[PDB]
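Shown below, as structure tokens, is a lone chain in the form deposited without the ligand; questions about how it binds or moves come after it.
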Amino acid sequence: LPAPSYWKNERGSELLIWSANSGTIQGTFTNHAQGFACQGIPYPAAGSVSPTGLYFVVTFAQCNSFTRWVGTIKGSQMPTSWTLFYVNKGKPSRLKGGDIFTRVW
């Protein structure tokens, strides 16, 4: 994982990587989905990078949710799958999906 570096997915979410030394990732993630109560606020991204790939987790604190991405780095692209855990009648739920982050700088 190059660091620092900056990546965006197809939905326009941002991933800023500060460092990834000794395979611990220190990053900042911001969602930009209009309507999501935690969009536009930067949250820490934490995880691990290895020869096998990477994973990172972001907790959107004010929204009682977190997402974990797991994937790999292939040059300027970072394909990943994700699992979101959240709470609308106050009921927790899970969602699953995929993202490709592309390196911007």
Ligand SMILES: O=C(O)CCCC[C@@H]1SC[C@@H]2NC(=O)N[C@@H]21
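Numbers for residues come from their place in the sequence shown, where the first is 1. Residues that one form lacks are left out of the comparison. Only the largest set of C-alpha atoms that superpose within 1.5 Å between the two forms is called the rigid core.
If you look for the form deposited with the ligand bound, you will not find it shown, but the lines that follow are about it.
Within 4.5 Å of some heavy atom of the ligand in the deposited complex lies at least one heavy atom of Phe60. Although the partner is absent from this view, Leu84 contacts the ligand in the deposited complex, with a non-hydrogen atom inside 4.5 angstroms.
Heavy atoms of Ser48 never reach within 4.5 Å of the ligand in the deposited complex, leaving it off the interface. The ligand in the deposited complex comes within 4.5 Å of a heavy atom belonging to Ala33. For the set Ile41, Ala61, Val70, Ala33, a Cα shift of at least 2 angstroms between this form and the one not shown, after rigid core superposition, holds for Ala33 and for no other residue. Taking the core as reference, several blocks of three or more adjacent residues between this form and the one not shown have all their Cα positions offset by 2 Å or more: 33-37, 88-92.
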